[PDB]
Amino acid sequence: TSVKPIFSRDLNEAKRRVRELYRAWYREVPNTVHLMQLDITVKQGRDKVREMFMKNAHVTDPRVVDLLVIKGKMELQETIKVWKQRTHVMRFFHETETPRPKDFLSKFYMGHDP
Amino acid sequence: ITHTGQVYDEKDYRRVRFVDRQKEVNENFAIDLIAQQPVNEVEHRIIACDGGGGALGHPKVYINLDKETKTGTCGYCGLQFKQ
Amino acid sequence: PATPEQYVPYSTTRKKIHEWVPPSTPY
Amino acid sequence: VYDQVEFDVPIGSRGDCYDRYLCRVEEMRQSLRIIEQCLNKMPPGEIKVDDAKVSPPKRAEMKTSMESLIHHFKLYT
Amino acid sequence: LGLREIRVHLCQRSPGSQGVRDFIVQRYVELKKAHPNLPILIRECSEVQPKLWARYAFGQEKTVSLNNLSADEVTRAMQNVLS
Amino acid sequence: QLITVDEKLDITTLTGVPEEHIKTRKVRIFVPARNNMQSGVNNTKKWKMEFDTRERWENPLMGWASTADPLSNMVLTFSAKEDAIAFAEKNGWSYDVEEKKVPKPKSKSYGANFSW
Amino acid sequence: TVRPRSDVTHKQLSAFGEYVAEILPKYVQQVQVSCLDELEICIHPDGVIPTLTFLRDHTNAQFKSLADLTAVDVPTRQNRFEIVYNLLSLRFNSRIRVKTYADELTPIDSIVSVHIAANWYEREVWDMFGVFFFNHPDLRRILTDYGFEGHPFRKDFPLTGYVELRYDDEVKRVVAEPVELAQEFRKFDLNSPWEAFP
Amino acid sequence: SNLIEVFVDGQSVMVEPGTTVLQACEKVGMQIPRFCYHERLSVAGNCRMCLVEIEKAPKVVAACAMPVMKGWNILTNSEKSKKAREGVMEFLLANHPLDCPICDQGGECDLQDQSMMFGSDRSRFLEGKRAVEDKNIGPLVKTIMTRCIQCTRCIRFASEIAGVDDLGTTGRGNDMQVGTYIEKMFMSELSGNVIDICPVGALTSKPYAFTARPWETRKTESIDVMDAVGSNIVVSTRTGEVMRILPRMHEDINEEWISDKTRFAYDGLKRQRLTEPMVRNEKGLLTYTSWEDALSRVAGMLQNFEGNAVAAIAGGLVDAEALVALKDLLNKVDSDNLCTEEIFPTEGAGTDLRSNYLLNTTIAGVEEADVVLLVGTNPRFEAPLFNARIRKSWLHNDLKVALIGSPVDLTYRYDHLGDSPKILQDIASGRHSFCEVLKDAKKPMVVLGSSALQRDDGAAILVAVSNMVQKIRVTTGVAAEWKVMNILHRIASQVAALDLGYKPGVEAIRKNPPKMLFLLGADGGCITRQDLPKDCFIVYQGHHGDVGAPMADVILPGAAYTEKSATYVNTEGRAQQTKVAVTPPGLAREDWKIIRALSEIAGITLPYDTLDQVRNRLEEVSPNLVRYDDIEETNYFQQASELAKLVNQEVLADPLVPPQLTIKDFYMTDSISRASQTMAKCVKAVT
Ligand code: SF4
Ligand code: SF4
Ligand code: FES
Ligand SMILES: [Zn+2]
């Protein structure tokens with residue numbers, strides 16, 4: 001049914017924005033690692049970026065992709081600037097968190113929660 | 001052991017806590033202090049029990065000491081009243 | 001009108017569960 | 001009851017920190033004028049509306065009358 | 001390999017189930033007699049075309065949709081399974 | 001303007017809910033039932049959407065009940081089945097709608113107990 | 001125990017409510033003076049800049065200051081968020097409420113042009129509820145953490161969030177961690193089941 | 001259209017003639033403050049807290065007893081009907097003892113609220129209060145009756161729902177005390193409901209005396225598994241342990257009432273409970289060990305043993321989801337020796353057409369029946385909330401009840417046709433007197449309790465009953481959707497088992513002994529190590545260590561219905577869903593997963609890996625398990641009879657006797673009950 005567009009009209013039109021963000025992030029990862037004295041490698045980080053831009057790679061409601069960009073850009077602003085410290089950026093890497101197993105037998109074997 | 005049990009089993013690892021320390025346990029058990037009290041004899045069938053006070057004690061409830069078979073016990077003070 | 005007496009908490013609760021104790025002698 | 005106490009708002013010109021400081025010092029002085037009236041004219045009465053549905057019943061009442069115990073229990077819980 | 005049971009899931013009131021229902025009223029009483037103790041669990045469908053499942057030797061099962069399949073057809077379909 | 005789209009408006013990616021709390025979690029739209037202990041029917045009129053019950057365990061030090069289910073104390077309150085199914089679908093949770101159970105009309109008469 | 005009130009106000013303001021509804025028929029959906037003697041003009045989201053400009057700059061209704069901009073979230077309503085703008089007229093010593101409705105994915109305009117007070121409040125509404133304000137200079141998180149994911153004041157967000165922080169020696173940084181609370185928050189179902197006679 | 005029109009403060013609703021003024025307010029939506037009026041209890045008018053003012057009328061009328069007339073406008077929030085409540089509440093409170101912080105119906109008080117909403121801000125009673133003498137009505141009800149507002153709900157329930165007229169009012173004036181004149185305990189099932197029905201906290205529950213306070217209790221809506229009526233219930237859990245189970249209303253199954261067993265056996269749920277997976281070790285002692293080790297003990301034996309050497313004796317409270325996970329596993333090693341402890345005669349269509357084994361007439365049909373011939377059961381102690389059904393329909397309607405069993409206390413006036421299974425043949429012949437009584441019945445029903453079927457001639461008893469239902473149906477010419485034959489169960493996991501395709505009775509395991517048996521919550525003595533192959537490898541899958549645990553090579557602890565989102569189904573096939581009120585204790589896990597996991601260690605992995613998937617599996621085996629709260633009607637009876645006619649069996653002269661002869665028989669009947677300290681206290685009180 002009809003819906004007002006947030007910023008883009010067709011999913012294709014919007015994707016134009018999604019790519020104009022990917023590029024931005026990609027061209028920024030290198031800078032961050034150095035500026036925030038992060039320890040992860042440029043390649044490693046750039047991987048994360050794709051992962052995320054990829055995680056959201058299934059929605060088709062332009063309005064949603066028009067919205068995730070914005071949220072997305074905002075996250076650059078902060079990261080481009082150093083408004084975010086090392087702690088903030090490094091949180092995208094679950095360094096301490098032990099990744100949860102997924103195998104049923106691997107979960108049944110630990111924790112009553114599914 | 002507290003008036004409500006709680007005593008840790010010898011094997012319980014929850015005992016390290018008290019090592020180089022000790023256990024806060026009140027020696028004055030109210031199960032016994034209230035038993036060390038004279039049953040309040042009364043003349044009337046029913047009696048009050050403001051908790052030995054007006055506004056400084058417990059809500060005021062009237063107890064039916066009607067059967068010598070049982071000394072009414074105000075649910076608040078645990079005071080037995082002997083008809 | 002270093003001290004050893006340090007408050008230490010409990011779980012003053014009477015343990016709220018009871019496990020089957022397995023049969024003492026085999027069958 | 002501010003409608004019953006008399007005070008002068010300290011407005012200022014040249015909106016600059018100083019004028020704002022001077023205004024804050026005046027309001028302290030004007031508040032002493034309002035505190036002066038409140039001590040001089042405070043009425044005898046009770047301090048809380050006493051429909052027990054809104055403000056909790058008095059300590060003696062809740063310990064002697066059932067309607068007050070119910071109103072204290074419900075209001076606090 | 002070896003039929004172990006046959007569960008006939010038939011909607012209760014629909015054109016599709018129609019006839020399947022007939023099979024039961026016309027041959028179940030006999031099928032059960034003919035090849036008894038063949039678990040034949042007739043159960044109910046829910047706006048899902050009638051189907052006939054059938055376990056075999058080792059956890060194996062086969063489906064045959066019989067939506068709008070007529071009576072005689074069902075009859076044979078059952079006979080085909082218990083070949 | 002007025003672009004047209006055909007989604008169930010899944011804002012699952014705008015919500016910000018960790019995947020595992022948007023994937024393995026079942027909301028249960030239902031109109032709360034009455035507290036048999038009381039006869040007030042004012043707490044059985046609005047549809048609630050509560051989530052699944054996960055581990056409630058014991059804090060080793062003090063014996064308190066601890067939990068790791070962030071969405072445990074969550075009881076969203078709607079006003080109709082339609083508006084609850086919509087929110088759950090909107091957020092990407094799985095639902096288990098339960099139809100309302102209003103008492104049917106039972107005829108009561110004073111004199112009846114005087115017949116013989 | 002019954003408020004000392006003036007009926008003059010109810011009437012005077014009611015009359016202004018009809019005035020505003022007559023002057024702006026295209027955007028105002030419902031105007032009502034509540035019994036608290038306050039006024040509420042409910043406008044279609046498109047009327048956010050027209051309705052507020054008329055009130056900021058009209059001789060018979062000057063509403064110069066924006067007291068606050070907030071968004072109640074009623075999850076049931078289709079358009080959940082109900083942005084509410086409270087405005088004050090120093091000239092006429094009266095206050096007005098203009099409230100409009102916005103959904104998760106439909107942004108409403110920004111009044112920063114009409115009142116520069118809103119530059120910050122609109123950022124807080126985005127951070128707290130996720131409503132987006134069109135052509136708003138510098139919209140970005142005012143209150144939440146730099147990396148916070150999720151809009152907190154939404155009724156569908158867990159009180160205590162999903163992440164907490166701690167210092168991990170092994171990594172020498174303040175690391176996040178899925179929330180484990182040592183005492184869940186007892187949720188009390190305190191709400192009587194006997195309704196009050198209206 | 002006999003609607004008559006009456007105004008509720010103007011809404012002008014239209015109502016059937018004979019609806020009370022209180023009822024008229026309800027449909028508009030207004031609530032008259034009420035005490036002593038309960039929907040399923042007779043109107044008494046004792047409190048008169050419901051006085052309202054119909055319009056242009058001289059005095060206030062009692063909304064509970066006044067039939068609304070034509071065009072009377074009720075004014076429920078008038079200046080008068082509030083002085084008629086502000087002044088009654090003055091009285092109820094005047095003689096009331098202020099021990100609200102003792103009264104555990106603290107937040108569950110219909111008398112503080114109504115005081116706190118419709119009553120008065122203050123008190124004018126400056127005089128002396130009264131006090132009554134606490135008596136002992138049993139070990140389940142704590143009657144601190146100085147609390148009583150003489151609302152006579154208790155007296156009525158005790159006399160109209162439970163037929164036990166032991167309670168009564170004694171004395172007149174302000175010392176009318178509603179307690180048993182002589183101290184005789186109120187011993188009956190349905191007893192605990194008095195707690196829930198007394199709005200005052202005068203008599204409340206003694207086990208749940210002071211463990212909690214209602215605002216804290218988190219309330220999860222689930223299903224009764226203790227009995228096969230499948231009564232709806234709400235499990236009130238605080239900080240993760242169940243504190244009380246109280247009824248929640250289901251019009252058809254339990255309409256606001258639950259049994260004494262399924263309300264005080266929540267305590268049994270918390271002890272003797274299995275938690276860690278022990279494995280026989282050393283000299284034979286069971287030794288706690290990790291799942292991985294305990295599961296491969298079982299998996300290794302399973303791979304070694306072929307079909308018909310592996311068997312499962314399930315039974316009791318196991319859910320449908322575990323029952324399909326245990327069948328799917330043992331078929332993946334080709335043994336279909338899966339069985340249940342309660343023997344349902346399969347010498348017929350057997351488990352195959354649900355019409356066979358399901359109360360066909362629903363519980364709610366007992367209200368429309370005309371004559372019920374209960375044969376073989378003491379409905380009272382087997383399915384109490386169905387005994388109540390026949391209680392209400394014998395009182396408010398006119399059911400003629402007839403029992404072919406032991407003459408037993410049935411809380412109603414039954415006709416004892418006799419204690420002999422063969423007299424069933426007598427009615428089929430038309431020889432016995434009640435043969436005409438039924439002939440006179442336009443809607444008759446026959447009930448055969450599984451407790452009979454469990455005897456050796458149970459196959460013959462079912463066949464004999466089916467013959468009589470056949471000609472009862474022919475002679476009455478009863479309509480097809482009216483269904484005379486139904487059979488009620490007393491085990492929660494029977495109907496579902498039978499539906500999923502589990503074959504009833506351990507008769508098959510008896511003839512060929514399995515090398516390995518996976519008892520699934522079975523605490524029955526149906527087979528014993530003594531009756532098994534020398535190897536006798538057997539692994540208990542359950543929650544409480546009772547009979548199957550100490551004779552078990554492996555212990556795989558499971559959960560209970562308070563601790564899993566499983567499905568159950570009562571006797572007329574209404575599938576229902578238990579919700580997880582508390583996470584399962586210790587290393588204990590959900591029953592379906594233990595078996596999915598054992599299958600993964602075994603290597604014959606089951607297809608589903610999440611519970612929605614197991615629900616999808618259930619849809620394949622039996623499709624009316626995926627469907628909740630729905631009873632389906634396809635009476636495939638006629639063909640059932642044809643096979644019954646083929647079956648020839650002898651009904652032995654031994655009288656058919658229900659195992660639960662008197663109420664001590666009833667209290668302790670299952671693991672979760674036999675472990676109950678409250679049930680144990682109840683048992684000794686009777687003895
Ligand atoms: S009943 Fe118990 S709670 Fe209700 S009022 Fe009397 S005392 Fe207070
Ligand atoms: S006991 Fe409860 S129910 Fe029986 S009369 Fe006293 S109050 Fe009414
Ligand atoms: S409720 Fe109407 S008589 Fe007590
Ligand atoms: Zn006292």
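Residues numbered from 1 in each chain as written, not as in the entry; some residues may be left out. Chains lettered and ligands numbered in written order. Part of a larger assembly, values for the part shown. Heavy atoms only, no water.

The next point concerns the overall build of chain G. Scanning chain G from N- to C-terminus turns up three helices and nine strands. Each helix and strand of chain G, ordered N terminal to C terminal, gives the series α-β-β-α-β-β-β-β-α-β-β-β. Computed over its C-alpha atoms, the radius of gyration of chain G comes to 21 Å, more than 25% above the 16 Å expected for a compact globule of 198 residues. Along the first, second and third principal axes, the C-alpha atoms of chain G reach 65 × 50 × 30 Å. Taking as baseline every contact in chain G between residues at least 6 positions apart, the subset at least 24 positions apart corresponds to 46%. (Helix = DSSP H or I, 4+ residues; strand = E, 2+ residues; numbered from the N terminus. Rg over C-alpha atoms; globule rule 2.2 N^0.38 Å. Contact = heavy atoms within 4.5 Å.)

With that settled, consider the overall build of chain D. Within chain D, the secondary structure is distributed over three helices and zero strands. Along its sequence from the N terminus, chain D presents helices and strands in the succession α-α-α. The C-alpha atoms of chain D give a radius of gyration of 21 Å, which is well past the 11 Å a tight globule of 77 residues would have. Each principal axis of the C-alpha atoms in chain D carries an extent, and together these give about 65 × 30 × 15 Å. Within the span of chain D, comprising 77 residues, buried residues form 31% of the whole. Long-range contacts, defined here as pairs at least 24 residues apart, represent 26% of the contacts in chain D between residues at least 6 apart. (Buried < 20%, exposed > 50% of the residue type's maximum accessible area, 1.4 Å probe, protein only.)

Here the focus is the site of ligand 2. The immediate surroundings of ligand 2 are formed by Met145(H), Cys148(H), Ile149(H), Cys151(H), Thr152(H), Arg153(H), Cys154(H), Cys198(H) and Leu203(H). Here the shell around ligand 2 is composed, by residue class, of seven nonpolar, one polar and one charged. (Near = heavy atom within 4 Å. Nonpolar A, V, L, I, M, F, W, Y, C, P; charged D, E, K, R; others polar.)

Let's shift gears to the side chain of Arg56(F). The residue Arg56(F) is located in strand 4 (residues 56-58) in this model. Its relative accessible area of 14% is what places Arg56(F) among the buried residues. Among the polar contacts listed, one links the side chain of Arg56(F) to the side chain of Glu184(G), at a separation of 3.0 Å. (Polar contact = N/O pair within 3.5 Å; in protein donor to acceptor, adjacent residues only side chain to side chain.)

Residue-level contacts link 30 residues of chain G with 37 residues of chain F. Both sides together, the interface formed by chain G and chain F hides about 2,800 Å², and carbon and sulfur atoms give 55% of it. Considering only the side of chain G, the residues that lose the most area to chain F are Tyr162(G), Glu184(G) and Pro193(G), jointly responsible for 23% of the buried surface there. For the interface between chain G and chain F, the tally reads three salt bridges. Put simply, chain G and chain F have 10 residue pairs in polar contact between them. Taken together, the residues of the side of chain G that touches chain F sort by class into 11 nonpolar, eight polar and 11 charged. (Buried area = accessible area lost by both parts, 1.4 Å probe. Salt bridge = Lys/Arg side-chain N within 4 Å of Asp/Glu carboxyl O.)

Tracing the backbone through its elements, the reader meets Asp61(A) in the loop between helix 2 (42-55) and helix 3 (62-80). Under the relative-accessibility criterion, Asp61(A) is labelled buried at 1%. Sequence-distant contacts of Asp61(A), that is, excluding residues within four places in its chain, are made with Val5(F), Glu7(F) and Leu105(G).

Around ligand 1, the structure places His96(H), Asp99(H), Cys100(H), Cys103(H), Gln105(H), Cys109(H), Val200(H) and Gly201(H). Of the residues belonging to the shell around ligand 1, the class tally is four nonpolar, three polar and one charged.

The partner chain C presents 10 residues to the 12 residues of chain B that form the contact. Note on chain B versus chain C: buried area summed over both sides is about 980 Å², and carbon and sulfur give 48% of it. Area buried by chain B at its contact with chain C is led by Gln6(B), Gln22(B) and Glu24(B), which between them contribute 48% of it. Here chain B and chain C share zero salt bridges between them. The interface formed by chain B and chain C holds four residue pairs in polar contact in total.

On to the packing of helix 1 (residues 20-34) of chain E against helix 2 (residues 71-81) of chain E, then. Residues and elements named next belong to chain E. It is at 8 Å that the axes of helix 1 and helix 2 come closest, and there the two elements cross at 45°. By the angle class used here, helix 1 and helix 2 are oblique. With respect to the hand of their crossing, helix 1 and helix 2 are arranged in right-handed fashion. Here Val20, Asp22, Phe23, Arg27 and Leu31 of helix 1 lie close against helix 2, whose contacting residues are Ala71, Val74, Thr75, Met78 and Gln79. (Axes fitted to C-alpha atoms, helices over the stretch in contact; angles between N-to-C directions. Parallel < 35°, antiparallel > 145°, perpendicular 65-115°, else oblique. Left-handed = near helix turned anticlockwise from the far one by under 90°.)

On to the sheet that holds strand 6 (residues 75-77) of chain F, then. Two strands in a sheet stick together by hydrogen bonds in their backbones, pointing the same way (parallel) or opposite ways (antiparallel). Residue and element names in this part refer to chain F. Strands sit in the order 6-3-2-7 across an open sheet of four strands; the sheet is mixed. Each having just a single partner strand, strand 6 and strand 7 (94-95) make up the two edges of the open sheet. Taken together, the two bridges between strand 2 (residues 26-30) and strand 7 define a ladder with parallel strand orientation. Paired with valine 27 across the strands is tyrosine 95, a residue of strand 7. (Pairing = 2+ DSSP bridges.)

By size, the foremost hydrophobic cluster in this structure holds 109 residues, and its most contacted members are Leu302(H), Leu373(H), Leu374(H), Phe386(H), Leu448(H), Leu500(H) and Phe518(H). Split by domain, the residues of this core number at least three in each of domain 3 (271-342 + 491-632) and domain 4 (343-490 + 633-666) of chain H. Setting aside residues no more than four positions away along its own chain, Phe518(H) makes contact with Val298(H), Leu302(H), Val310(H), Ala311(H), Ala312(H), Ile313(H), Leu326(H), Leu330(H), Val539(H) and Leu598(H). Ranked by size, the runner-up nonpolar core spans 61 residues in total, among them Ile70(D), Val88(H), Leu167(H) and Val234(H). (Core = buried A, V, L, I, M, F, W, Y, C linked by side-chain atoms within 4.5 Å. Domains from an automatic or database assignment.)

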